[PDB]
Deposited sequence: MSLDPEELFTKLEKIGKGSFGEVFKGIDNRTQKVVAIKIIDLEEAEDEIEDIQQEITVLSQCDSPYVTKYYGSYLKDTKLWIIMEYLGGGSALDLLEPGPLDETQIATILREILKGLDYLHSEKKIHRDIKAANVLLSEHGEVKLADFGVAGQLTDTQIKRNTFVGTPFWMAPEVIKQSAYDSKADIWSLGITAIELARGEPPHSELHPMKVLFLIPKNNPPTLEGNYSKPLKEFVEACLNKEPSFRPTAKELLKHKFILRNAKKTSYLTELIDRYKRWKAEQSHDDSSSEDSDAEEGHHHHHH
């Protein structure tokens, strides 16, 4: 079968199937293997995952090596990220503003690539942000990624994770990449606080609270620029949120973000914590 790769430990599951660590038996590099049994309903959203991944080429987006078929099982092969999710990294305790800024810059760099490639991720949460063992920050899970073309200037599909969802996308309004800017603002909050606004509530309640309420804000002992960065991303009017490129030159990013190698530290804090139970 797809025996260029040997499975290692199971490293995750989502809706679609499950993720494994693996090795390409031709280069001995560590890889990440999404496995999906194609026996049933979500298959069009499986196709779109691989079709986008194939078309992405950036050090801020999880690479793609190909898909295979063993009987019914589909094997999507992609870049392995040993630091794992930014979400898991939050668990031990709060982050500092440099760590927050640094991770955001790398998301911002990632979103900029996608949005310049006419692609909206449509699911930015700290969970889908993965870190390489050396601290490189990359976006993952393109299961719900949408494609803008020269014709389809906007999308309409109701998709994403409720808490990180933009008013316009919840409301089925015609939306574009700016939706990801909103999510990134919620992701900014998440990183700063460990939880997105409303996370105590049931997702359905949330789906009426996002559109009805005004945008969430970042309350607490965070510096003005951070608060303003969030304030800037979280705008009810899509067009008044800034673009990723623009947010890359925002003050908070620029004064706090340092080398992404200093994130080996955050990855360590998790290891020490995770091994302690």
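* Gaps in the model (deposited sequence, numbered from 1) -> 1-4, 45-46, 284-304 are the stretches of the deposited chain that have no C-alpha coordinates in the structure.
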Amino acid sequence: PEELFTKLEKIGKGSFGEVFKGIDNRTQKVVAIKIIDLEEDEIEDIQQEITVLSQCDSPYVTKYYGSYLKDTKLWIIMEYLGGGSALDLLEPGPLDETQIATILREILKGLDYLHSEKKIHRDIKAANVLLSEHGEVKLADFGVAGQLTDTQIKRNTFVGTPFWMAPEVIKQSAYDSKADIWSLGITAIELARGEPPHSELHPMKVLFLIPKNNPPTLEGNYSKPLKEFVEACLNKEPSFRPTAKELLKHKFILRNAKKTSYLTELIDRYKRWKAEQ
From here on, numbers count along this sequence of modelled residues.
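C-alpha atoms forming the largest set that superposes within 1.5 Å between two forms make up the rigid core.
* Asked: Out of 123-131 and 72-80, which shows the greater rigid core-aligned C-alpha deviation in 8 other deposited structures of this protein?
  -> Between 123-131 and 72-80, greater C-alpha deviation in 8 other deposited structures of this protein belongs to 72-80.
* Hey, after superposing on the core, which one moves around more in 8 other deposited structures of this protein, 229-237 or 24-32, CA-wise? -> When 229-237 and 24-32 are compared in 8 other deposited structures of this protein, the bigger C-alpha shift is seen for 24-32.
* Given the B-factors recorded for C-alpha atoms, which segment has the greater mean, 244-252 or 65-73? -> The entry gives the higher C-alpha B-factor average to 65-73.
* Selected stretch [higher average CA B-factor]: 123-131 or 198-206 -> Averaging CA B-factors over each stretch, the winner is 198-206.
* Asked: Taking the entry's C-alpha B-factors for this chain, is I35 in the lowest, middle or highest third?
  -> Its C-alpha B-factor, which the entry lists for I35, ranks in the middle third among residues of this chain.
* Asked: Relative to the other modelled residues in the chain, which third contains the C-alpha temperature factor of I23: lowest, middle or highest?
  -> Its C-alpha B-factor belongs to the highest third of this chain's values.
* To do: Determine, from the deposited record, the chain-internal third of the Cα B-factor for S54: lowest, middle or highest.
  => Its C-alpha B-factor belongs to the middle third of this chain's values.
* To do: Grab the CA temperature factor for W182 from the record and place it in the lowest, middle or highest third of its chain.
  => Lowest third.
* Asked: In terms of the CA temperature factor given in the entry, to which third of its chain does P238 belong: lowest, middle or highest?
  -> It belongs to the middle third of the chain when residues are ordered by C-alpha B-factor.
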